[PDB]
Structure formats: C-alpha cells, structure tokens
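*Asks:*
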Ligand SMILES: Nc1ncnc2c1ncn2[C@@H]1O[C@H](COP(=O)(O)OP(=O)(O)OP(=O)(O)O)[C@@H](O)[C@H]1O
Ligand SMILES: Nc1ncnc2c1ncn2[C@@H]1O[C@H](COP(=O)(O)OP(=O)(O)OP(=O)(O)O)[C@@H](O)[C@H]1O
Ligand SMILES: [Mg+2]
Ligand SMILES: [Mg+2]
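Protein chains in written order, with the authors' numbering: chain A, 318 to 636, 650 to 889; chain B, 2 to 564.
(1) List the endpoints of the continuous beta strand (DSSP E) containing residue 433(A).
(2) Starting from residue 344(A), follow the alpha helix (DSSP H) in both directions and report where the run begins and ends.
(3) Does residue 451(B) pass the burial test, meaning 16 or more other C-beta atoms within 10 Å, or should it be called exposed?
(4) Please determine whether the Cβ atom of residue 469(B) lies at a distance below 7 Å from any heavy atom of ligand 3.
(5) Between which two residues does the alpha helix (DSSP H) carrying residue 644(A) extend?
(6) Less than 8 Å between C-beta atoms, sequence neighbours within five positions excluded: which residues of the same chain meet that for residue 37(B)?
(7) Determine the extent of the beta strand (DSSP E) in which residue 668(A) is found, giving its start and end residues.
(8) Would you say residue 792(A) touches ligand 4, meaning its beta carbon is less than 7 Å from a heavy atom?
(9) Closest by CA to residue 445(B), which one among 405(B), 510(B), 210(B)?
(10) May I ask whether a heavy atom of ligand 3 can be found less than 7 Å away from the beta carbon of residue 735(A)?
(11) Is it right to say residue 693(A) is buried, meaning 16 or more other beta carbons lie within 10 angstroms of its own, or is it exposed?
(12) Of the residues that make up the segment 403-417 of chain A, which ones have a beta carbon closer than 7 Å to any beta carbon in chain B?
(13) Taking 8 Å as the cut-off, does the segment 62-78 of chain B touch the segment 587-597 of chain A (at least 3 CB pairs, one atom from each stretch)?
(14) Can you list the residues of chain B that residue 727(A) reaches, using a CB-CB cut of under 9 Å?
(15) As a quick exercise: from 590(A), 430(A), 528(A), pick the residue whose alpha carbon is nearest that of residue 644(A).
(16) The alpha helix (DSSP H) spanning residue 738(A) covers which residue range?
(17) Is the Cβ-Cβ distance between residue 322(A) and residue 621(A) less than 8 Å?
(18) What are the boundary residues of the beta strand (DSSP E) that includes residue 341(B)?
(19) Could you name the residues of the segment 513-526 of chain B whose beta carbon sits closer than 8 Å to any beta carbon of chain A, in the order they occur along the chain?
(20) Against residue 270(B), what residues of chain A qualify as contacts under a CB-to-CB distance less than 9 Å, listed in chain order?
(21) Run down chain A in chain order and give the residues with a C-beta less than 9 Å from the C-beta of residue 230(B).
(22) Determine whether the beta carbon atoms of residue 530(B) and residue 506(B) lie at a separation below 8 Å.
(23) How far does the alpha helix (DSSP H) with residue 640(A) in it reach, from first residue to last?
(24) Find the nearest neighbour of residue 276(B) within the set 83(B), 159(B), 116(B), judged by alpha-carbon distance.
(25) Are residue 516(A) and residue 20(B) touching if we call contact CB-CB under 8 Å?
(26) Do residue 362(B) and residue 410(B) have their C-beta atoms closer together than 8 Å?
(27) For residue 395(B), does the three-state DSSP call read helix, strand or coil?
(28) Which runs of the beta strand (DSSP E) fall wholly inside the segment 486-521 of chain B and span at least 3 residues, in chain order?
(29) For residue 493(A), I'd like the list of residues in its chain whose CB is within less than 7 Å of its CB, leaving aside the five on either flank, ordered along the chain.
(30) For residue 815(A), does the count of other Cβ atoms within 10 angstroms reach 16, so buried, or fall short, so exposed?
(31) Measure from the alpha carbon of residue 320(B) to the alpha carbon of each residue in 377(B), 403(B), 300(B), then state which is nearest.
(32) Below 8 Å CB to CB, which residues in the same chain sit around residue 426(A) once its five sequence neighbours on both sides are set aside?
(33) For the segment 408-441 of chain B, which residues have a CB atom closer than 7 Å to at least one CB atom of chain A, in sequence order?
(34) May I ask whether a heavy atom of ligand 3 can be found less than 7 Å away from the beta carbon of residue 103(B)?
(35) So the alpha helix (DSSP H) residue 445(A) belongs to, where does it begin and stop?
(36) Going by Cα to Cα distance, which pick from 437(B), 536(B), 472(B), 66(B) is closest to residue 448(B)?
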C-alpha cells in the first residue's frame, strides 16, 4: 500500500540516496586530507608541499553540509509537489465515494486524511532515504577507516555505537504501538473539537465546560500523549548523549591518552579518531530520530492508499424525458438493516408527487437514492430512461435538482450559496431566484447586500437559510426537482408564497415533494404513503382519506 | 520568546528559571569541553605526555556534568511543554463556552479549531524539539568563542565575529521568510476549513456539482495552499544561502586567525590540530540553526493562535442565584433591545410571562423569536435592557446556576457523535434510568429503540446525520426534557415530526409533570394547542398578545397568520 502509493517517487528517492552517499563521502573528504597533512607535518615534511592541499581541505570543510542543504531544498520541492498531486487525487476520490463513507467517517477524519496523512509523508520523502544512506555509509566508512588505522580505539568506539543501536531498537519497539494508535487519537480529538465548536449552544445550555465530553477526551488524549512521549523523549535524549561528538571525543581520549602516555600508541595516530571519529555520531542520530517518522509516513501512506482503493460510484456502460422510475428499489445503509423494502414508484413530467409517512420511514433516503448518493442494493432507478448508474455526475445532477432537509450553506456570499450549481450565473438571475424564494427582501436588508458572507456564526434564521437553499435549487433550474421537507421552518405566509413560486416554476416539470404538514400536499397528483421503508398506499388526497389507512390517521392527528 | 513565556503557568515559572539556568550551564560545559582539547593535545603531543592526565580529568568532569545537565534540561523541557499544553488547552476548553457568540466568526472558529488541533505531540514537545536545540546551537559558538579567549584573545575574537555573522544571518533569514510563511499559514488554515466544509456539505456540493477539484472551493483552496507553500519554499532559499555564507565567513575567520597564530609561533601545531576539531564543533551549530530556524514561524503562529483564543472577550458573569428552590421563575423582558451587529433585531420588546404557565411565540420568519429564546437562555445578552428570571437579571446570575435554570430545544437540533443514549444523557448525565426512560417516552424516542437495530446504543453520526431529521429532533426533545430546569424553551421542535409524533410530542411537552415555565416557538397551529398565552413577534415587536381563542375571535394578526 505504501510502496504502491510512493511508486511515482522511485527515482527521486534513489537519486537522493546516491547523492547523499556522495555528499557524506564529501563530508568525510576534508578530514582524511587533513589527517594525512597533519601526519606529514608531524613527520617533518616541508610545508611547501602542504600549503595548497591544506587550504583546499580547510575550505572543503562544510561543503557537504551546503550540498545536503541544497539536496533538502530540492527534495522539499519534490515532496510539496507530490503532496499537492496526492491531495488532488484524494479530493477526486472523495468526490465519487458513497456518502455512507462520509457519514460513517466524519469530517474531522476527512480533514486528517487530506491534510495530516499527506503531511505525515514529509519525512518519508524528504529525509528518510538520505538519513538511512548517510547512517549506513558514514558510520561504516569511518569505522572501517578507524579500525584499519587502530583497532584498539575502534573497539571503544563500538561501545557507544552498540549502546545507541540497543537504545534505538528498544525505543522503536516501545513506541511502535503508540505511533499506530496516534492517528486514531488525532482524528478522535479533531472530531470532538469540531463538535465542541459546532455544538456550542448545546454545550452552553447543557453542562457547560465542565461536563462536556470534549474535556474528557482532551484529558484522555493528553494522558496518552504523556505516556507516549515521556519514554520516547527519554530514549531520544539518551541516544543524543550516547552519540554526541562530545561523548565520542571523550571515549576516544579515554582510550588513547593511556595508550599515548605508555609506549603503545604514537600520538600522531590519534589524529584519525580526533578528526573523523566525532563526525558520524549525528549521522546515526538522524536515523534514530527518523525511524518514528518512517513509521508515521508508512502508516499514513497505507491509510491514503486504502482510501484511494475503495469502491466508488462508478459509471456503468449499459446506457419519457423528465421521467424518474424506481423499479423494485431496495436499500440498506448497513448490512442487513433495510431502510427501503422493494419500492416501485414512477415520477412523470407535469405532475406533483407527495411522499408522506411517519418519521424515519425512509423518505429522505429515497430522495438520496434518486440523487445516487448511495447505490440501490436491489432494483434500479432510471431518469429519462437511462439508469442513473450509467449517467455521470454531470449528466445526472443536470437532470435532477434537490432541496435537502438539512439546509447546508457554504462559507461564502449569499450570491454564492445561491447559484452554487451555476456559479457563473448573472446577478440578475440570482436576484430573480431570491425573489422567487422570497429571500431577496431579506438580502436587501443585509449590510453589503448580496455579497454578505454566510460562514459559521454569521448565519441567518432557519427559515431564511431554508429559503436560500430553495433559491439555489430554483436557480439550478433542472427538469426534475426534489423537495426533501422544504418549507419546514417557513411560516404560513412564506410557505404559501414559496409554494406558489415552485408551482409556477414546475408546471411542466417532475416534482417529488416530501412533507409532514399534510395540508400542503392536498393538491398532489399522486400521494405516496411510505411506512417502514415500503409504500403502503398510493392515491389522491380524497381517495386516501376515504380509504381509512395510514394517511387518514396522519390527517386526523394533525388537526 | 515572550509569547511562549506568557502561556506558561504562573505556578511553573521556577521550572522555567531552572531550565534557563541549566541550558546556559549546558552550553558553557559543551564549549569548555570543546576547548579543553587544545591543552589536552598540547600536553599529549609534548615531550612529557603525562601532563595530559589533568586535562583528561577535567574533560571527564565537564562531560559528566554535561550529561547530567542535559538529562535535567530534557526533563524540564518535557515537563514545561506538557504543562503549557495542559494549561493552554484546558483554559481554552474552560473559556470557549463563556466566549460571546458573536466572537465565533468563521475566521475565529478556524483559529479556535487550529488552536485545539495543536494538542498533538508537535506542540507538547516544543521545548525539547525546538527551544532546547535552537538555544544550544545559537549560544554554543558564542560560548566557544568566550572559552577560546583563555587560549588566545584574537582567536576568541574571531570566533565571536563569526557568531555575530551567524546572528545577523539568523535575523535576515527570519525577516525574509516572514510574509511568505504567514501567507502559507493562512492558506493552510483556509484549506483545512474548506476540507471540513467539503466533508460536511457533501450532499449539497454533489447536487450542485461543486465537488470535483476543478470546480470545488476545496480544490481552489488546495491550489492556493500549494502556491503559498511553494512561495514559502522559494523564500526560504535565501535564508539557507545566507546561513551557508555565514558558515563560510565564520570558517574563514576562524581558520585564518588560527593559521596566522600558528605561523607567528603563538600557537603550536598540536594546538592547531585540536583547533581543527574545535572548528568542526564550532561550525556544526551553523547548520543546526539553519535547519531549526524555519520552524520558528510555524511555532510562533501556533502560540499566537492559542493566545488569541485565550484573549477572547467572555460574557458578563455575576454571582446572583435564584432564591426559590426549583420553582417556576417569572420570565420578563423590560425594554430589551438587541442587534446582531448593525441589524436591529429587537427594539423595545417588553412582556412578563407568568410562572409555571405555558407561553407561545409566533410570527413570520426573521421576526426575532429565536433571538428571544436565546436571550431567555443566556446564549445572547441584550445590548440594552434587562432579561429577568424571577426578578433577577440574567446578566448578574451565576453562569453555573444560569445554565441550570434553563433547558432549550433548538431550532436546528445538534447531536454529538456517539450513541443515541449519550445525547439524551447530556441533559442530566447522572439521572436515574427511570428518568431517562420517561424522557424518551415523552419525546417518543422510545419508538426509535424498537425500530432501530441497536436501540438507544445506536451510533449517531456527526451531528444527527446518521438519524433522520425527525429522529434527531426527538432525541433533542428528550435531551431537553431530561434536564430538571424550571424553564423550557421550545424552538421549532415539531418541524420534522409527522402528525402522529408531532401530536404526541406536543401533548408530552404539556403533560410533562415537572413544574416549568414553558415558552414555545412554532409554525404549526397544532403545536401550540395547550399554550396559555400567545406572543405575536413581528419585526422585533410583540404586536399582538393574549390567549389563542381570544385572538382568534378578535380577528387580529394571529388569525391572519393562521389563515
Ligand atoms: N448569527 C447571526 N448573525 C447575524 N444575524 C443573525 C444571526 N442569527 C440570526 N440573525 C438575524 O436575526 C434576525 C432574527 O433571527 P432569529 O433567529 O431570531 O429568527 P426567527 O424569528 O427565529 O426566524 P425563523 O422563524 O425563520 O426561525 C434575522 O434577520 C436573522 O437574519
Ligand atoms: N446516514 C445514515 N446512516 C445510517 N442510517 C441512516 C442514515 N440516514 C438515515 N438513516 C436511517 O434511515 C431510516 C430512515 O431515515 P430517513 O432520513 O430516510 O427518513 P425520513 O422519512 O426522511 O424521516 P424524517 O421524517 O425524520 O425526515 C432512519 O432509521 C434513520 O435512522
Ligand atoms: Mg428526512
Ligand atoms: Mg428561529
């Protein structure tokens, strides 16, 4: 999953590995030259033969650091471009999955997927292969050079190396499970924070700050973070101390000064250890700190690829106008939990169909099935003869318009929430749609007119934003219109006015109306009563009243 | 760094002082241990190499002291980081419910979400990850320069000149990438908000075909975020180049002075060979500060967001309490005037609701009746005038006793993600199961339990999205009815409920045995059947008032509204 996701970055990462091998050899280059030059100096060689090489080696110090800085600046560009393409792919995929995915997952998890998981790949791209190649090359090369130089001090050099390896292994084992649990806690905390901000009236009226589940999750997450990061940071700091240049220098001198003072080691043979032996500790520390980043990146890549491999709302190849036909439709939000049970319904042009019934009967899920937010488990739905599973999203949603029960405004102007379907619509079209929905008068009273933003907190009343959504659907101007519990928050005057406007605009169109106020659907050509996910009676208002079924009971209950 | 110190607990400042002292001590010990090699090799390469034992002992002492001080500094940094995390996050949790509702603009909501989103380990380990290595690398070459003055004054002066060049490069690099990093952070926050909207508003975006990246607002935000990020990457190029040039200049000064001293005979060849290692130690922090300097702007922005959340203006909160124990208070508005910004919602609305009786508020949309319920509930406060609960100004009421005095059914019911039973228990988490069952029966939530497969343990989505509109409305009604508060504000509780459930819920709202002063907002006449009094709110004025039958007979705006 991670390998299949990061396959496009094969050759940039291989190039990074090779270039970092060359760069770490360049880092080790001036110190070898200076070791040789100092050996020749202390051997009595003429300085005339060593000025040029000496200045060359002294100026070469830190050249590899500059080359590594340039390589990281390039690989940051590579990672940024890859993350942009990856987020584009993620947003493309999410645009086609069924909405059961969104409802079961939430918005905080989607935010984590798009932003944090792609950002979690930063170390795996920009630093992982450089750090690995550097820590394999520079430590091994330096240890080989020091062992062929003098094995005795190389052995004490091996002590902090093995200690560091043990610390790295135990840290990785200890914190591996915590890193696996980390993104789940992150998305849970994000969801709780989003609910805390969104559900502020509920928090304030019921319980306040003290009783909120947000505080409980916050405390639990902070406990998780403390337990995760205390041993992890302790191991990180101990690994830093073990591999620090000060520690290597001290160990070198502890092993060498007794050897130099005795007639065992020449003092000139400590120069390789003094110059080179202190340089490869940070290279090891890089991978030691990077193994957590590798785990985070691999887990995030697996999550991203898992979301990118999911089934979506594909378009079939199977391949009267204005007609919508539900043909033995059945649907289950969960396995074995039906919400629709073999519903057969035909919506025809020039007619108004009323879908009534108890709450939770399945009216909104039926309207969603018409939208193909989810695929029908059985049966088929066909608009203008074409099965909606064969129509693309552009072909489908150009045929059917929707006024959802939950009026979901977007962060933007009132002229953008209206004309969301047709953003390039003229402002006069927006004004006409608003007048039809009776929200033009309200928008005129706003401070900046039709450009007033409708973000979080800068909202309207419920009926007003419902009218805004009605204006959106009006300006879409589709052959088929679906009204999922529209005008629920509208007062009788506003409800009557928008009903008259919709009747004027949909005289020849196919209208599906979902309503609980049965007095608003008395003129429907075909009233359909949906109870427990199955149609129990169909007819006109008078026929359903005379039948004495569920519609008669609902009508009696509402008076 | 003043922004970080401002967020530390006042009870955790001794730890800050100890951490600063130990950081300075660690830098001093590292510099001394680096420079002590010069005497060490001078004695080791001398004609009597036994003289290196003393410098080896001093090196060992400084190294062990460095290990001890560094472990203690790491401990203190971890403690300070997690203490700052806990205090800031808990203060934001405690403050945000008290923050005024007008403060929650989309920008402020984004800032609050980003501040809460910093709870992760990035900000928790800030002191160990950024401040400790940054300070150590910044002050290490300065300390090495000071330490070298005991070896040779001009050598130490050259080292300090390199340090001055390093600090100048640091300041210039910080200044160059300031605007680019700020714009990058802004675009990243906008992209996060648009992703959240994209996931929340997926139905409407798909129906409007604003879902693909080429047509969606989230796609435009992604494009802007990528552009700002690439501009930030480009503007960090001169910073890295300047750090590299500062390193080159420092190396030139250090090595040139060392070679000049060696040529003049004021510095032995073994001392110069030791100074090669000291130069390597001195040049390492030049790269470290270059690598760590970019993270300052992101950290600064994060701490700024946290502090901005903590600086939000909270509502007034007195200390009065309602004298009577659980009795129904008398709600009244006295010249209450309210306005969302420049739009006047209420102007001169005055009424007095009797205690224990049920009242109805009705009228056209945008008239200002949900605003009346919010003022009664304390969600809003008047611009002028006083809302009185039993003769006590709601502004002066204790917030703990203010929320305990009112329960509300909101116009747009919102349920937290979790089981259905958890949301009903928000009204009273410690209520007995009999009380919860009674609340569910009154709200007809019990008809969900036998129909839904998982019963009251069924997992609701974000909001009430995994339930129908009527189902989540009934859950909200049960939540409101479980709370024992003596004031019940009903706001469009019957909007999404069929006639049977609407009638049952209305009769349960009336037949709730608890003595309550009930205020009801509805757009269906059958929802206010049992209301004793009616308020006709239109354009921020109670134009008509009285009983249902009296106003129907009078033929006022009530009958016209229901005509
Ligand atoms: N958050 C807000 N920011 C700005 N104006 C607001 C906000 N909420 C409501 N308003 C405005 O306040 C006025 C009254 O709003 P309110 O919520 O009281 O309506 P209402 O009478 O309950 O309407 P409805 O019957 O449609 O539910 C309206 O003009 C609305 O635009
Ligand atoms: N996203 C979802 N995931 C799981 N179950 C769902 C989801 N949305 C709705 N349901 C369930 O589907 C069943 C029918 O709900 P639906 O919204 O289709 O009914 P409705 O007739 O529109 O109701 P109402 O009158 O309350 O608006 C209910 O049991 C609800 O719990
Ligand atoms: Mg519905
Ligand atoms: Mg309202």
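For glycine and all other residues, C-beta sits at the position ideal for the given N, C-alpha and C.
*Replies:* Judging by the given coordinates:
(1) Counting along the chain, residue 433(A) falls outside any beta strand (DSSP E), and DSSP gives it neither H nor E.
(2) 327-359
(3) exposed
(4) yes
(5) Gap in chain A between 636 and 650; residue 644(A) lies inside it and carries no coordinates.
(6) 56, 59, 60, 63
(7) 667-677
(8) yes
(9) 510(B)
(10) yes
(11) buried
(12) 404, 405, 408, 409, 412, 416
(13) no
(14) 207, 208, 209, 210
(15) Along chain A, the last residue before the gap is 636 and the first after it is 650, so residue 644(A) carries no coordinates.
(16) Segment: none, residue 738(A) is in no alpha helix (DSSP H) and carries neither H nor E.
(17) yes
(18) 332-341
(19) 524, 525
(20) 355, 358, 359
(21) 397, 400, 401
(22) no
(23) Chain A lacks the residues between 636 and 650, and residue 640(A) is one of those with no coordinates.
(24) 159(B)
(25) no
(26) no
(27) coil
(28) 488-492
(29) 612
(30) buried
(31) 403(B)
(32) 504, 507, 508
(33) 408, 409, 411, 412, 413, 415, 417, 418, 427, 428, 430
(34) no
(35) 445-466
(36) 472(B)
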